Amino acid sequence: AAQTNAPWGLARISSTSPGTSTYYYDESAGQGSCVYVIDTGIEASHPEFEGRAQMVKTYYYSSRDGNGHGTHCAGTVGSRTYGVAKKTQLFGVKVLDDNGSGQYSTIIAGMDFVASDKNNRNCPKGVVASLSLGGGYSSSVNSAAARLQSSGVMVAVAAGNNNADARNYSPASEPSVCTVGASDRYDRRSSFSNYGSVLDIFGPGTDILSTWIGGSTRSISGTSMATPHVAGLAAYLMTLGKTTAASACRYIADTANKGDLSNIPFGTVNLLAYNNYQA
């Protein structure tokens, strides 16, 4: 399948070169997989989700996304125009309030919620969780991310936006989950992207067009935007039967575009997520 005039990040993940604008992918498109977006919520009514999104949990007075961040991330995972895995099922878990903040205890509860809740959903091709959130190092937060992964969910987490070593952030620093740095459309490390040995992969994170609340769209930047590219990619590859929740991060690293990013610090992987789709 070919989507013309796609957002640059989608085109990038199906290309061996920067500078193209068409996204190529197998038409299976993550059908039969599920991605949990653990964030500020998802505006499921957005036409871009086509009825494939739903809120399953909130820790606040509403399950609505009053912020936008979660809706943008979910759009990059799975919206019809802005998404990597255009036929996945999207499940929203609102651990972040409408100001984008959340207590670590709530975030932990949301991770453990997903590990159990997947048993209430139909995801024959597999389950992914996208965590575009984080804070300072916490062993309890890392352990929750590790449990979620152990339970059979492909966990993708943002590296963080401090232009610093991600070893000092959680859940970024958890070794058993897939930690995602950000790049720009010229294959440069994004200016704000964290780095370090704990990173597993880079994805598009600068100037990413996706869904927003009020049935709208906008372009924003962050490792929050790179993470759902990787989560959507995992769902897509799992639907194709190429990998599993436990092995997908390694598979994505194995099949990445290698050595193509600039300003990668010595000791950080130079790997850019790539679907290796041959039309």
Side-chain angles (χ1 to χ4, degrees), residues 1 10 13-14 23-26 28-30 32-38 52-53 56 73-74 76-78 83-86 88-93 110-132 142-159 171-181 198-204 226-241 243-249 251-258 269 271-277:
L10 298 191
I13 66 159
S14 60
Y23 177 37
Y24 308 108
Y25 63 93
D26 187 275
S28 59
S33 70
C34 303
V35 187
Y36 286 83
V37 181
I38 304 178
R52 291 181 290 100
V56 298
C73 295
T76 296
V77 176
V84 173
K86 299 175 188 299
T88 196
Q89 289 286 315
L90 297 160
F91 298 130
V93 180
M111 289 195 246
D112 284 322
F113 170 88
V114 174
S116 178
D117 182 76
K118 68 179 189 295
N119 298 311
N120 294 319
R121 309 299 162 189
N122 287 297
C123 310
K125 296 302 185 182
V127 185
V128 181
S130 194
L131 284 143
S132 290
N142 281 11
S143 289
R147 287 191 299 277
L148 179 56
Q149 179 69 51
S150 168
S151 85
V153 176
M154 189 289 175
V155 180
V157 312
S173 61
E174 169 52 38
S176 70
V177 302
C178 208
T179 302
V180 187
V198 70
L199 272 66
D200 300 290
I201 194 66
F202 283 81
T227 300
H229 280 91
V230 171
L233 178 63
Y236 166 91
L237 295 168
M238 291 156 54
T239 289
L240 283 172
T243 191
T244 70
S247 55
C249 188
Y251 179 85
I252 287 167
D254 286 347
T255 58
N257 281 309
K258 306 174 183 58
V269 296
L271 301 170
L272 180 64
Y274 173 51
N275 72 0
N276 197 22
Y277 177 66

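Excluded from the calculations below are hydrogen atoms, water molecules and symmetry mates; all remaining heavy atoms, backbone and side chain alike, are included. All residue numbers in this chain count up from 1 along the given sequence.
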Taking all non-hydrogen atoms of both residues, which atom of [X] and which atom of [Y] are closest, and how far apart?
X: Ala248; Y: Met154; answer: CB-CG, 3.7 Å
X: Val35; Y: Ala235; answer: CG2-CB, 3.7 Å
X: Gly203; Y: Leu272; answer: CA-CD1, 4.2 Å
X: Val198; Y: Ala172; answer: CG2-O, 3.2 Å
X: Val155; Y: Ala145; answer: CG2-O, 4.1 Å
X: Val177; Y: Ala146; answer: CG1-N, 4.4 Å

So do the side chains of [X] and [Y] get within less than 4.5 Å of each other, counting heavy atoms only?
X: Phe91; Y: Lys118; result: no
X: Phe113; Y: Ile38; result: no
X: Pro228; Y: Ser132; result: yes
X: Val128; Y: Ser33; result: no
X: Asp117; Y: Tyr36; result: yes
X: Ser28; Y: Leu240; result: yes
X: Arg121; Y: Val127; result: no

Exercise. Consider only side-chain N and O atoms of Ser130 and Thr227, and report whether a donor and an acceptor are under 3.5 Å apart.
Key: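 Their side chains do not contain a donor-acceptor pair, so the 3.5 Å distance test is not met.
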State the [atom1]-[atom2] distance between [X] and [Y], to the nearest 0.5 angstrom.
X: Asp26; Y: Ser14; atom1: CG; atom2: OG; answer: 12.0 Å
X: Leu148; Y: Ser116; atom1: CG; atom2: OG; answer: 11.0 Å
X: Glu174; Y: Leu131; atom1: CD; atom2: CG; answer: 12.0 Å
X: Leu271; Y: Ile201; atom1: CG; atom2: CD1; answer: 5.0 Å

Whether [X] side chain and [Y] backbone form a donor-acceptor pair below 3.5 Å:
X: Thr255; Y: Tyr251; value: yes
X: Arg147; Y: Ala115; value: no
X: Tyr277; Y: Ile13; value: no
X: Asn275; Y: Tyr24; value: yes

Self-check item: Qualifying residues under side-chain contact (heavy atoms from CB on, under 4.5 Å), relative to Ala53, sequence neighbours excluded
Solution: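 Testing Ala53 for side-chain contact (heavy atoms from CB on, under 4.5 Å), a comparison that skips the adjacent residues, returns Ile42, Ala44, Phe49, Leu90.
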Exercise. Over 60° means perpendicular and under 30° means parallel, so classify the ring planes of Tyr236 and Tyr25, tilted if in between.
Key: perpendicular
Practice problem: Run the numbers on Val84 and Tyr23 for side chain to side chain contact (heavy atoms under 4.5 Å, CB included), then give the verdict. | Solution: CA-CA 9 Å; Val84 173; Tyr23 177 37; 3.5 Å; yes
Quiz item: So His229 and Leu10, side chain to side chain contact (heavy atoms under 4.5 Å, CB included) or not? Walk me through it.
Solution: CA-CA 8 Å; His229 280 91; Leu10 298 191; 4.2 Å; yes
Practice problem: Report the residues that fulfil ring pair (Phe, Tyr, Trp, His ring centres under 6.0 Å) with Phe202, sequence neighbours left out, ordered by chain and then residue number. | Solution: none
